[PDB]
Amino acid sequence: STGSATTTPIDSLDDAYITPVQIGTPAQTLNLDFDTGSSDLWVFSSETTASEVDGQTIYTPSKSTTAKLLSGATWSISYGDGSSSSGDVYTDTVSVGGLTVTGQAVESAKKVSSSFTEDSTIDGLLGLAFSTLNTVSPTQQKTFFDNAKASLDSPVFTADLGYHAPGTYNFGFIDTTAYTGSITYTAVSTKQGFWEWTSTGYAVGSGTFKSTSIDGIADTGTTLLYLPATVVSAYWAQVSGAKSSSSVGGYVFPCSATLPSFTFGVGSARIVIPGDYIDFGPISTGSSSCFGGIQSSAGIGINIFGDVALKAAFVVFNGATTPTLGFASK
């Protein structure tokens, strides 16, 4: 089997992407944030505290003939941005882009933090990291991908995120029309539960490439590119007037700037992030200070190749017995 679903930016900045997902019988379609940096599929639901729901579409298990309470199971998750959610668990039929998994754990939110409430466009998350990070207790649950894997034509999914435009998540096949040149594969460590890999270096604009190992994670659920302070300083030093602002919470730059590109290495290959992808617009409405899309990972504890980086590439998440990651230009 295979599946193919379109993913759409939630706003004009590509802060996140939503993908329609069918849950239950008859289908209830919710727009979920596919997150290769976590491993829980959770949804706003008929159980979510009413004051914490503000425009989201909810899953109502009592209206699904295939829903079953996973008795005794609870979940609770905290994300890198400080947001969180928790609740109980049902199993139900879940379909993405025509690919169906029966018996998928659907984690029903009883509580969500303010960032989730405030985002009316995101009805929940669908985790695509390794199932070892799944938070369901006392019986840990598998991700949608892990459950689908044995049925897939090939044990892979791909992320093809758009810049200010829709893109695609495919399951079970590589669309050879969706990228240019060849795919360069690189080793993955699953030791922390992430799609963790080592970039071979970087360049700023038309500058020379610096060969240096940068361990980080491929994370579709993080908006920006978070890299070591040395690398980030070298980037922003090429932008007149750019500075790190503790009051704003990162690097800002004059909105009159033209940003240089940023290149990262994948083995001997190179992915170029155009300068425009690094512009996250005014820090507050009408400001002439703009927020940068490349930020320091210092104090996160991990480097994160988030959407800013990933949307410059066609990315293969290879879940074969030895997982790997592939990157191609597009």
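Reference entry: report on the structure contained in this document. (Residues numbered from 1 in each chain as written, not as in the entry; some residues may be left out. Heavy atoms only, no water. Residues with missing side-chain atoms left out of burial classes, pairs and counts.)

### Describing the overall build of the chain
Along the chain, the regular secondary structure elements total four helices and 24 strands. The C-alpha radius of gyration of the chain comes to 20 Å, within 12% of the 20 Å expected for a compact globule of 330 residues. Considering only contacts in the chain between residues 6 or more positions apart, those separated by 24 or more positions represent 66%. (Helix = DSSP H or I, 4+ residues; strand = E, 2+ residues; numbered from the N terminus. Rg over C-alpha atoms; globule rule 2.2 N^0.38 Å. Contact = heavy atoms within 4.5 Å.)

### Focus on the state of the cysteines
In protein structure, a disulfide is the covalent linkage between the sulfur atoms of two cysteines. Overall, the coordinates contain one disulfide when judged by the stated rule. Here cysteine 255 engages in a disulfide with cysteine 290; their sulfurs sit 2.0 Å apart. Between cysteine 255 and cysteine 290, the S-S dihedral sits near -85°, and the bridge is therefore left-handed. One end of the pair, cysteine 255, is in the loop between strand 16 (250–254) and strand 17 (262–266); the other, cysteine 290, is in strand 20 (residues 289–292), and 35 residues separate them in sequence. A relative accessible area of 33% places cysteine 255 in the partly exposed class. (Disulfide = S-S within 2.5 Å. Buried < 20%, exposed > 50% of the residue type's maximum accessible area, 1.4 Å probe, protein only.)

### Regarding the sheet that holds strand 14 (residues 225–227)
Pairing in this open sheet of seven strands is mixed, and the strands run 18-17-12-13-22-14-21 from one edge to the other. Two strands lie at the open edges of the sheet, namely strand 18 (269–273) and strand 21 (294–296), each paired on one side alone. Strand-to-strand, the axes of this sheet are offset by a mean angle of 45°, without reference to chain direction. Direction of pairing for strand 14 relative to strand 22 (residues 303–305): antiparallel, over a ladder of two bridges. Directly across from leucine 225, in strand 22, lies its bridge partner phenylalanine 305. Running over the sheet, helix 3 (residues 229–236) touches strand 12 (196–204), strand 13 (210–218), strand 14, strand 17 and strand 21 and is turned about 140° from strand 21. (Pairing = 2+ DSSP bridges. Axes fitted to C-alpha atoms, helices over the stretch in contact; angles between N-to-C directions.)

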